[PDB]
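Q: Below: one structure in structure tokens.
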Amino acid sequence: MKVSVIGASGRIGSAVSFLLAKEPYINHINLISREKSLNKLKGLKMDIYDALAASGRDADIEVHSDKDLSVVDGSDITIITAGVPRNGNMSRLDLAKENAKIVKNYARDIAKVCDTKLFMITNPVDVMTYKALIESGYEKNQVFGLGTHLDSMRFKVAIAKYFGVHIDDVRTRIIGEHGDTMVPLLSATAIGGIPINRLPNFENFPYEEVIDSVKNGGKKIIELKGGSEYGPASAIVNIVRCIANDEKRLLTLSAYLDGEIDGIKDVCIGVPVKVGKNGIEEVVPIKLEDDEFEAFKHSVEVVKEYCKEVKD
Amino acid sequence: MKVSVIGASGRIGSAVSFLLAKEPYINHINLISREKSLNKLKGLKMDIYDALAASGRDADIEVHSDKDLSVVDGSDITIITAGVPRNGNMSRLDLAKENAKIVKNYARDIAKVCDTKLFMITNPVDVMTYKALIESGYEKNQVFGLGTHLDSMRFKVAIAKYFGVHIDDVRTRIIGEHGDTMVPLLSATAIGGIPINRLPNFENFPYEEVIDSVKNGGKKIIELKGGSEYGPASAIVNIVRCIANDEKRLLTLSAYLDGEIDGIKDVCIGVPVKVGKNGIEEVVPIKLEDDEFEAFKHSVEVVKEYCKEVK
Ligand SMILES: NC(=O)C1=CN([C@@H]2O[C@H](COP(=O)(O)OP(=O)(O)OC[C@H]3O[C@@H](n4cnc5c(N)ncnc54)[C@H](OP(=O)(O)O)[C@@H]3O)[C@@H](O)[C@H]2O)C=CC1
Ligand SMILES: NC(=O)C1=CN([C@@H]2O[C@H](COP(=O)(O)OP(=O)(O)OC[C@H]3O[C@@H](n4cnc5c(N)ncnc54)[C@H](OP(=O)(O)O)[C@@H]3O)[C@@H](O)[C@H]2O)C=CC1
Ligand code: NA
Ligand code: NA
């Protein structure tokens with residue numbers, strides 16, 4: 001497989017370039033950045049190669065600028081981790097419009113060149129995923145965003161630590177916005193397949209304070225160390241692996257809705273999806289508790305309105 | 001296994017804390033830094049936990065200041081990546097004197113609380129390895145440095161790209177100083193076990209140009225992105241894995257010499273070693289070509305001079 005990382009010089013871009021190169025099915029990877037960062041990428045390329053030697057792995061790594069995106073041709077997946085840094089002289093909405101412009105230009109320019117899957121990380125990821133879908137003109141299965149896949153991982157850790165199990169023994173998910181209107185699914189949270197509400201220590205599990213910590217986790221990591229890095233990069237590789245080996249797993253990604261859940265359409269948002277070699281193979285309308293379903297509809301309304309306000 | 005990382009807030013310390021935690025045999029890892037960096041470590045801990053969730057791994061990560069190193073007790077391996085930044089008109093000897101004070105105090109305070117292996121990354125790594133050994137009073141099998149293990153990895157890449165093979169299909173090593181007196185061993189360089197001088201395309205292999213690039217590889221990465229990160233971190237985990245599973249491999253590390261090679265002793269430097277659960281289980285005196293051996297003796301004298309100037 002060939003993958004391209006647009007934004008490879010950033011915090012997430014550099015870490016995900018390293019982890020992707022290690023993967024045995026990833027034979028070619030393009031690190032792509034603005035011209036001013038090419039020398040950073042050359043050092044990143046040497047450092048990653050050294051790491052492959054120490055870890056028994058291999059890859060063909062190429063560095064390119066984003067002036068000529070024809071190099072993306074042949075990429076099965078193109079990961080977009082580009083984004084404008086937050087500063088004080090810009091509002092949240094101003095920053096979203098700047099990123100929307102970046103995402104649109106990349107989506108339009110990549111689509112002139114080839115058909116690839118667009119894996120969007122740029123925030124606000126649900127809005128940017130929808131923007132890239134519309135501007136690229138790609139099929140809906142080919143454009144998706146990390147979304148609440150990452151928040152699900154933060155929930156998973158806290159559950160595992162409370163119940164005293166290997167982190168991998170927990171499976172849980174959060175749907176809706178990658179944001180404060182996210183909807184954690186206690187109805188789909190299990191340890192070794194056992195719903196956590198059937199475990200003896202569940203009665204004292206402060207799950208709402210845990211959810212609050214998940215809602216606040218990204219901003220806390222930004223405050224403590226500047227920004228999330230290994231978390232998002234590993235979550236990206238997890239999805240890439242599912243696509244490359246056609247695993248068919250029920251995951252959660254920011255995906256385009258086309259009527260599967262209560263006839264809702266015209267939005268990208270965190271939902272249950274089956275992921276395989278064609279990307280988003282289906283959006284899976286699972287049975288939600290009433291509070292979960294109403295909160296998901298609420299998150300959809302909030303995200304649709306964000307999309308309209310960034311476009312305007 | 002329990003591991004402690006001293007200097008975890010730094011560039012290599014952070015990347016290596018992430019890779020160690022992923023390892024299935026590492027159940028507990030202490031991230032240790034100066035008190036002013038603990039907030040960074042708290043965020044690193046959260047970020048690593050998130051990564052473990054995404055990759056099917058697990059660990060118990062604890063954040064501690066270096067004020068009380070009793071938390072190191074029970075660590076099988078303690079990795080020291082703490083070191084000052086080389087600033088302006090600083091010589092290599094200036095660097096070594098500042099970092100030797102850091103390494104001396106860590107080694108003495110750790111030896112007060114427990115017996116552990118000391119895996120030295122702090123530069124100049126051959127000198128800091130010797131300093132940690134003497135100040136800790138540990139047995140020589142317990143103290144070693146990364147040394148030319150990292151340079152060997154850069155050599156491996158260059159060879160693999162010239163001959164067009166998987167990087168892992170190359171095995172090669174560089175002995176001597178982690179520095180510009182390092183000694184590449186073409187006599188111990190092979191692809192699929194085949195000495196590369198027996199391969200048809202070896203005649204056009206620009207050996208000398210490749211060697212010069214390897215010698216400058218660390219400096220080049222500093223120029224382009226500010227410092228190496230993933231290369232060193234992955235080379236560290238590779239050694240920890242050999243120790244944790246008692247693999248018994250012939251690798252290259254900065255280790256204490258005690259007469260194995262031409263009676264040379266009283267120095268730590270990159271040499272062929274057999275690594276296992278006890279750390280450096282032996283220094284292996286392999287057959288060197290005459291020029292490789294003279295270059296190695298030169299490297300030994302240079303490193304010894306640096307050890308004296310720091311004493
Ligand atoms: N959805 C999620 O789970 C998460 C989302 N994110 C988002 O991902 C993005 C990347 O985050 P992070 O890596 O921490 O950010 P960094 O600031 O560390 O990296 C930014 C990257 O974007 C590039 N870039 C910046 N400005 C522009 C521009 N005007 N045009 C093109 N490329 C540009 C940079 O290139 P250069 O070096 O040339 O400046 C660099 O590669 C952000 O939008 C961030 O909000 C991050 C956290 C998690
Ligand atoms: N052997 C090899 O192959 C390589 C060697 N190295 C060496 O490894 C070390 C770490 O490199 P790198 O991570 O890039 O450097 P960084 O500057 O990024 O990190 C240095 C680390 O040392 C700590 N530190 C700095 N000053 C002191 C002090 N006075 N007392 C205690 N701790 C201190 C820092 O903690 P804080 O944040 O609190 O300051 C930080 O954790 C250096 O000595 C470097 O030369 C690096 C490259 C490869
Ligand atoms: Na690979
Ligand atoms: Na582990």
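Starting from 1 in every chain, residues are counted up; chains themselves are A, B, ... following the order of the structure tokens, and ligands are numbered from 1 as listed.
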Could you give me, as a list in words, each residue of stretch 1-95 of chain A that DSSP assigns to strand (DSSP E) when run on this structure's backbone?

A: residues 2, 3, 4, 5, 6, 28, 29, 30, 31, 32, 33, 60, 61, 62, 63, 64, 65, 77, 78, 79 and 80 of chain A

Q: Keeping only N, CA and C atoms, take the residues you just selected and write them out as a compact mmCIF listing (two decimals), in the first residue's frame.

A:
```txt
# COMPACT_ATOMS: atom_id res chain seq x y z
N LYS A 2 0.36 2.30 -0.64
CA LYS A 2 0.98 3.62 -0.66
C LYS A 2 0.07 4.59 0.09
N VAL A 3 0.65 5.37 1.01
CA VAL A 3 -0.10 6.38 1.74
C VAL A 3 0.64 7.71 1.66
N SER A 4 -0.12 8.79 1.66
CA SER A 4 0.42 10.15 1.68
C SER A 4 -0.07 10.86 2.93
N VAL A 5 0.84 11.58 3.58
CA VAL A 5 0.53 12.34 4.79
C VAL A 5 0.75 13.81 4.46
N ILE A 6 -0.33 14.58 4.41
CA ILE A 6 -0.29 16.01 4.15
C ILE A 6 -0.37 16.72 5.50
N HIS A 28 5.26 2.31 0.54
CA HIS A 28 5.62 3.65 0.09
C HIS A 28 4.80 4.66 0.87
N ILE A 29 5.46 5.71 1.35
CA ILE A 29 4.79 6.78 2.07
C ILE A 29 5.36 8.12 1.61
N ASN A 30 4.48 9.05 1.24
CA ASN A 30 4.84 10.42 0.93
C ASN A 30 4.65 11.29 2.17
N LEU A 31 5.71 11.96 2.59
CA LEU A 31 5.61 13.04 3.57
C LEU A 31 5.48 14.35 2.80
N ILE A 32 4.37 15.06 3.00
CA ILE A 32 4.06 16.26 2.23
C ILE A 32 3.85 17.42 3.19
N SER A 33 4.43 18.57 2.85
CA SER A 33 4.31 19.77 3.67
C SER A 33 4.44 20.99 2.78
N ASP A 60 9.71 2.74 1.81
CA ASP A 60 10.23 3.68 0.83
C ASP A 60 9.60 5.04 1.15
N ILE A 61 10.39 5.95 1.70
CA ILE A 61 9.91 7.25 2.16
C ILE A 61 10.35 8.32 1.18
N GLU A 62 9.41 9.15 0.75
CA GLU A 62 9.68 10.27 -0.14
C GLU A 62 9.16 11.55 0.50
N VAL A 63 9.91 12.64 0.34
CA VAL A 63 9.52 13.96 0.82
C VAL A 63 9.13 14.82 -0.37
N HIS A 64 8.04 15.57 -0.22
CA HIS A 64 7.55 16.45 -1.27
C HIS A 64 6.90 17.68 -0.66
N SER A 65 6.86 18.74 -1.45
CA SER A 65 6.08 19.92 -1.10
C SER A 65 4.67 19.78 -1.66
N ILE A 77 -4.59 5.75 0.60
CA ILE A 77 -5.12 6.63 1.64
C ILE A 77 -4.25 7.88 1.71
N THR A 78 -4.89 9.03 1.86
CA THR A 78 -4.24 10.32 2.02
C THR A 78 -4.76 10.92 3.32
N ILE A 79 -3.87 11.07 4.30
CA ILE A 79 -4.20 11.57 5.62
C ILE A 79 -3.89 13.06 5.66
N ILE A 80 -4.86 13.86 6.08
CA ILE A 80 -4.73 15.32 6.09
C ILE A 80 -4.69 15.77 7.55
```

Q: For chain A, report every residue with an atom at most 6 Å from chain B (counting only C-alpha atoms), formatted as a list in words.

A: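 Result: residues 39, 40, 43, 47, 50, 51, 53, 54, 56, 58, 153, 154, 166, 167, 168, 221, 224, 225, 230, 231, 234 and 235 of chain A.
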
Q: Write as a VMD selection string the residues around ligand 2, taking 8 Å as the cut-off and counting only C-alpha atoms and all ligand atoms.

A: chain B and resid 6 to 14 33 to 37 80 to 86 98 to 99 102 120 to 125 145 to 151 178 218 227 to 229 232

Q: Identify, on the basis of only C-alpha atoms, every residue whose closest approach to residue A:148 does not exceed 8 Å; exclude the query and any residue fewer than 5 positions from it along the same chain; express the result as a VMD selection string.

A: chain A and resid 173 to 178 182 252 to 254 270

Q: Report as a ChimeraX atom specification: the residues of stretch 23-212 of chain A with a DSSP assignment of helix (DSSP H, G or I), based on the backbone of this structure.

A: /A:35-55,69-72,92-113,125-136,140-142,149-163,167-169,186-188,196-198,200-204,207-212

Q: Atoms to include: C-alpha atoms. Write the selected residues as an mmCIF file, in the first residue's frame.

A:
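Below is the file that was written, out13.cif:
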```
data_model
loop_
_atom_site.group_PDB
_atom_site.id
_atom_site.type_symbol
_atom_site.label_atom_id
_atom_site.label_comp_id
_atom_site.auth_asym_id
_atom_site.auth_seq_id
_atom_site.Cartn_x
_atom_site.Cartn_y
_atom_site.Cartn_z
ATOM 1 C CA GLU A 35 7.783 24.342 1.040
ATOM 2 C CA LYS A 36 9.109 26.095 4.162
ATOM 3 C CA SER A 37 9.140 22.718 5.976
ATOM 4 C CA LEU A 38 10.854 20.422 3.450
ATOM 5 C CA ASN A 39 14.110 20.330 5.413
ATOM 6 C CA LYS A 40 12.228 19.334 8.568
ATOM 7 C CA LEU A 41 10.766 16.455 6.560
ATOM 8 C CA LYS A 42 14.204 15.382 5.313
ATOM 9 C CA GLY A 43 15.392 15.057 8.900
ATOM 10 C CA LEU A 44 12.180 13.238 9.786
ATOM 11 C CA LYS A 45 12.819 10.823 6.913
ATOM 12 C CA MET A 46 16.352 10.004 8.087
ATOM 13 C CA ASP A 47 15.218 9.601 11.703
ATOM 14 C CA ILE A 48 12.369 7.266 10.720
ATOM 15 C CA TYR A 49 14.645 5.163 8.508
ATOM 16 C CA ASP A 50 17.002 4.751 11.467
ATOM 17 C CA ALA A 51 14.045 3.624 13.581
ATOM 18 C CA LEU A 52 13.002 1.084 10.942
ATOM 19 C CA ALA A 53 16.508 -0.411 11.031
ATOM 20 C CA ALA A 54 16.309 -0.812 14.807
ATOM 21 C CA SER A 55 12.811 -2.335 14.690
ATOM 22 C CA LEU A 69 0.040 17.113 -5.505
ATOM 23 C CA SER A 70 0.352 14.762 -8.487
ATOM 24 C CA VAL A 71 2.743 12.794 -6.248
ATOM 25 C CA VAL A 72 -0.358 11.658 -4.334
ATOM 26 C CA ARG A 92 -12.598 29.764 17.047
ATOM 27 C CA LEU A 93 -14.810 30.496 14.028
ATOM 28 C CA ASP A 94 -12.074 32.419 12.192
ATOM 29 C CA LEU A 95 -9.689 29.492 12.642
ATOM 30 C CA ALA A 96 -12.337 27.073 11.368
ATOM 31 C CA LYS A 97 -12.747 29.169 8.218
ATOM 32 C CA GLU A 98 -8.982 29.228 7.637
ATOM 33 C CA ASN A 99 -8.812 25.434 7.929
ATOM 34 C CA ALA A 100 -11.899 25.054 5.737
ATOM 35 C CA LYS A 101 -10.032 26.966 3.030
ATOM 36 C CA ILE A 102 -6.951 24.749 3.415
ATOM 37 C CA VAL A 103 -9.025 21.556 3.367
ATOM 38 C CA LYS A 104 -11.024 22.655 0.322
ATOM 39 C CA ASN A 105 -7.930 23.519 -1.717
ATOM 40 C CA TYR A 106 -6.281 20.180 -0.920
ATOM 41 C CA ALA A 107 -9.473 18.233 -1.639
ATOM 42 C CA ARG A 108 -10.038 19.989 -4.970
ATOM 43 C CA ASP A 109 -6.385 19.633 -5.998
ATOM 44 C CA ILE A 110 -6.101 15.966 -4.988
ATOM 45 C CA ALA A 111 -9.286 15.143 -6.912
ATOM 46 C CA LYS A 112 -7.905 16.733 -10.081
ATOM 47 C CA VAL A 113 -5.117 14.160 -9.832
ATOM 48 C CA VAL A 125 -12.903 17.311 12.183
ATOM 49 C CA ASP A 126 -16.619 16.695 11.570
ATOM 50 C CA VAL A 127 -16.950 19.972 9.649
ATOM 51 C CA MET A 128 -13.708 19.447 7.724
ATOM 52 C CA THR A 129 -14.698 15.892 6.792
ATOM 53 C CA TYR A 130 -17.931 17.176 5.248
ATOM 54 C CA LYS A 131 -16.059 19.989 3.489
ATOM 55 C CA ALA A 132 -13.516 17.594 1.960
ATOM 56 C CA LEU A 133 -16.311 15.280 0.794
ATOM 57 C CA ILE A 134 -18.218 18.060 -0.978
ATOM 58 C CA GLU A 135 -15.195 19.732 -2.571
ATOM 59 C CA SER A 136 -13.476 16.522 -3.678
ATOM 60 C CA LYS A 140 -19.120 9.022 0.376
ATOM 61 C CA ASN A 141 -17.323 5.794 1.326
ATOM 62 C CA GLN A 142 -13.978 7.409 0.407
ATOM 63 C CA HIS A 149 -12.625 7.321 17.514
ATOM 64 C CA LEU A 150 -10.073 9.230 19.588
ATOM 65 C CA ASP A 151 -12.444 10.140 22.439
ATOM 66 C CA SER A 152 -13.492 6.481 22.568
ATOM 67 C CA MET A 153 -9.861 5.610 23.327
ATOM 68 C CA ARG A 154 -9.758 8.059 26.245
ATOM 69 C CA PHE A 155 -12.963 6.562 27.657
ATOM 70 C CA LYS A 156 -11.502 3.074 27.226
ATOM 71 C CA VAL A 157 -8.438 3.866 29.348
ATOM 72 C CA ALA A 158 -10.444 5.266 32.256
ATOM 73 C CA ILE A 159 -12.797 2.271 32.244
ATOM 74 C CA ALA A 160 -9.909 -0.205 32.217
ATOM 75 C CA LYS A 161 -8.140 1.517 35.106
ATOM 76 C CA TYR A 162 -11.256 1.599 37.281
ATOM 77 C CA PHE A 163 -12.105 -2.092 36.816
ATOM 78 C CA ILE A 167 -6.761 -1.704 28.493
ATOM 79 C CA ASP A 168 -7.448 -3.895 25.457
ATOM 80 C CA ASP A 169 -10.095 -5.786 27.445
ATOM 81 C CA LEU A 186 -22.893 3.087 28.017
ATOM 82 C CA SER A 187 -25.222 0.665 26.201
ATOM 83 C CA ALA A 188 -22.209 -0.400 24.079
ATOM 84 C CA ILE A 196 -20.022 -3.063 32.317
ATOM 85 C CA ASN A 197 -23.393 -2.575 34.026
ATOM 86 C CA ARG A 198 -23.342 -6.343 34.703
ATOM 87 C CA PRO A 200 -20.100 -6.142 40.354
ATOM 88 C CA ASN A 201 -18.144 -2.885 40.829
ATOM 89 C CA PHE A 202 -20.226 -0.911 38.318
ATOM 90 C CA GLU A 203 -22.472 0.586 41.011
ATOM 91 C CA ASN A 204 -19.634 2.804 42.292
ATOM 92 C CA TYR A 207 -19.064 7.205 34.838
ATOM 93 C CA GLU A 208 -20.384 10.755 34.451
ATOM 94 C CA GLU A 209 -17.250 12.306 35.960
ATOM 95 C CA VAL A 210 -15.228 10.039 33.653
ATOM 96 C CA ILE A 211 -17.217 11.299 30.672
ATOM 97 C CA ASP A 212 -16.534 14.853 31.835
#
```

Q: Could you tell me, counting only C-alpha atoms and all ligand atoms, which protein and nucleic acid residues lie no more than 6 Å from ligand 4, written as a PyMOL selection string?

A: chain B and resi 21-27+57-59

Q: Just write the chosen residues, N, CA and C atoms, as an mmCIF file, in the first residue's frame.

A:
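Result went into again-v3.cif, see below:
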```
data_model
loop_
_atom_site.group_PDB
_atom_site.id
_atom_site.type_symbol
_atom_site.label_atom_id
_atom_site.label_comp_id
_atom_site.auth_asym_id
_atom_site.auth_seq_id
_atom_site.Cartn_x
_atom_site.Cartn_y
_atom_site.Cartn_z
ATOM 1 N N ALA B 21 6.331 1.576 26.760
ATOM 2 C CA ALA B 21 5.026 1.257 27.327
ATOM 3 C C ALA B 21 4.269 0.287 26.431
ATOM 4 N N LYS B 22 4.412 0.435 25.110
ATOM 5 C CA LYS B 22 3.752 -0.470 24.181
ATOM 6 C C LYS B 22 4.217 -1.913 24.347
ATOM 7 N N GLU B 23 5.437 -2.126 24.825
ATOM 8 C CA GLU B 23 5.997 -3.473 24.841
ATOM 9 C C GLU B 23 5.180 -4.369 25.767
ATOM 10 N N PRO B 24 4.810 -5.579 25.330
ATOM 11 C CA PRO B 24 3.912 -6.413 26.153
ATOM 12 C C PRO B 24 4.527 -6.892 27.453
ATOM 13 N N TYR B 25 5.856 -6.972 27.548
ATOM 14 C CA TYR B 25 6.519 -7.440 28.759
ATOM 15 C C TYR B 25 6.844 -6.314 29.736
ATOM 16 N N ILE B 26 6.567 -5.063 29.387
ATOM 17 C CA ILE B 26 6.799 -3.936 30.285
ATOM 18 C C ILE B 26 5.459 -3.559 30.902
ATOM 19 N N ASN B 27 5.310 -3.912 32.176
ATOM 20 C CA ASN B 27 4.073 -3.743 32.922
ATOM 21 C C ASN B 27 4.036 -2.443 33.707
ATOM 22 N N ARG B 57 -2.395 -2.324 23.501
ATOM 23 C CA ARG B 57 -1.337 -2.530 24.482
ATOM 24 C C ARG B 57 -1.800 -2.048 25.855
ATOM 25 N N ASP B 58 -0.896 -2.126 26.831
ATOM 26 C CA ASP B 58 -1.253 -1.864 28.217
ATOM 27 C C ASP B 58 0.002 -1.571 29.023
ATOM 28 N N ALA B 59 -0.160 -0.774 30.076
ATOM 29 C CA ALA B 59 0.934 -0.497 31.000
ATOM 30 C C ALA B 59 0.385 0.263 32.197
#
```

Q: Residues contacting ligand 1 - anything with an atom at most 6 Å away, using only C-alpha atoms and all ligand atoms - can you give me those as a PyMOL selection string?

A: chain A and resi 7-13+33-34+36-37+81-85+102+121-123+125+146-147+150+227-228+232

Q: Report the distance between atom CA of residue A:220 and atom CA of residue A:171 in Å, rounded to one decimal place.

A: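 Straight-line distance from atom CA of residue A:220 to atom CA of residue A:171 works out to 23.4 Å.
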
Q: Do you know which residues are within 6 Å of ligand 3 using only C-alpha atoms and all ligand atoms? Can you write them as a PDB file with N, CA, C and O atoms, in the first residue's frame?

A:
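Contents of the output file part12.pdb:
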```pdb
ATOM      1  N   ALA A  21       5.124   4.069   8.677  1.00  0.00           N
ATOM      2  CA  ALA A  21       6.255   3.476   7.974  1.00  0.00           C
ATOM      3  C   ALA A  21       6.610   2.122   8.560  1.00  0.00           C
ATOM      4  O   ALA A  21       7.024   1.214   7.830  1.00  0.00           O
ATOM      5  N   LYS A  22       6.443   1.966   9.875  1.00  0.00           N
ATOM      6  CA  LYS A  22       6.717   0.685  10.512  1.00  0.00           C
ATOM      7  C   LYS A  22       5.788  -0.417  10.010  1.00  0.00           C
ATOM      8  O   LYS A  22       6.167  -1.589  10.018  1.00  0.00           O
ATOM      9  N   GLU A  23       4.581  -0.071   9.580  1.00  0.00           N
ATOM     10  CA  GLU A  23       3.598  -1.100   9.244  1.00  0.00           C
ATOM     11  C   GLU A  23       4.095  -1.947   8.074  1.00  0.00           C
ATOM     12  O   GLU A  23       4.553  -1.398   7.064  1.00  0.00           O
ATOM     13  N   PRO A  24       4.005  -3.279   8.160  1.00  0.00           N
ATOM     14  CA  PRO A  24       4.605  -4.125   7.112  1.00  0.00           C
ATOM     15  C   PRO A  24       3.913  -4.045   5.763  1.00  0.00           C
ATOM     16  O   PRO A  24       4.548  -4.355   4.746  1.00  0.00           O
ATOM     17  N   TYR A  25       2.642  -3.652   5.710  1.00  0.00           N
ATOM     18  CA  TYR A  25       1.921  -3.538   4.447  1.00  0.00           C
ATOM     19  C   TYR A  25       2.048  -2.159   3.814  1.00  0.00           C
ATOM     20  O   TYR A  25       1.504  -1.941   2.729  1.00  0.00           O
ATOM     21  N   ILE A  26       2.735  -1.220   4.462  1.00  0.00           N
ATOM     22  CA  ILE A  26       2.940   0.119   3.918  1.00  0.00           C
ATOM     23  C   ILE A  26       4.345   0.150   3.328  1.00  0.00           C
ATOM     24  O   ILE A  26       5.347   0.240   4.050  1.00  0.00           O
ATOM     25  N   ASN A  27       4.408   0.083   2.000  1.00  0.00           N
ATOM     26  CA  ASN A  27       5.665   0.013   1.271  1.00  0.00           C
ATOM     27  C   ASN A  27       6.166   1.377   0.823  1.00  0.00           C
ATOM     28  O   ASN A  27       7.379   1.568   0.706  1.00  0.00           O
ATOM     29  N   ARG A  57      11.823  -3.208  10.466  1.00  0.00           N
ATOM     30  CA  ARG A  57      10.816  -2.808   9.494  1.00  0.00           C
ATOM     31  C   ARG A  57      11.488  -2.184   8.273  1.00  0.00           C
ATOM     32  O   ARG A  57      12.717  -2.153   8.155  1.00  0.00           O
ATOM     33  N   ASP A  58      10.660  -1.702   7.346  1.00  0.00           N
ATOM     34  CA  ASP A  58      11.142  -1.241   6.053  1.00  0.00           C
ATOM     35  C   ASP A  58      10.092  -0.355   5.408  1.00  0.00           C
ATOM     36  O   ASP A  58       8.893  -0.516   5.652  1.00  0.00           O
ATOM     37  N   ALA A  59      10.553   0.573   4.575  1.00  0.00           N
ATOM     38  CA  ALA A  59       9.648   1.437   3.833  1.00  0.00           C
ATOM     39  C   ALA A  59      10.439   2.223   2.803  1.00  0.00           C
ATOM     40  O   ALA A  59      11.659   2.362   2.904  1.00  0.00           O
TER      41      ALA A  59
END
```

Q: Neighbours of stretch 126-135 of chain B within 9 Å (only C-alpha atoms; same-chain residues fewer than 4 positions away dropped), as a PyMOL selection string?

A: chain B and resi 96+99-100+103-108+111+118-122+139-140+142-147+176-178+254-256+266-270+303-304+306-307+310

Q: Quick one: distance from atom CA of residue B:29 to atom CA of residue B:244 in Å, one decimal?

A: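 These atoms are spaced 13.8 Å apart.
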
Q: Atom CA of residue B:185 and atom CA of residue B:240 are how many Å apart?

A: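 Separation of atom CA of residue B:185 and atom CA of residue B:240: 24.1 Å.
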
Q: Between A:301, A:66, A:289, A:73, which has the minimum distance to residue A:264 (counting only C-alpha atoms)?

A: A:301
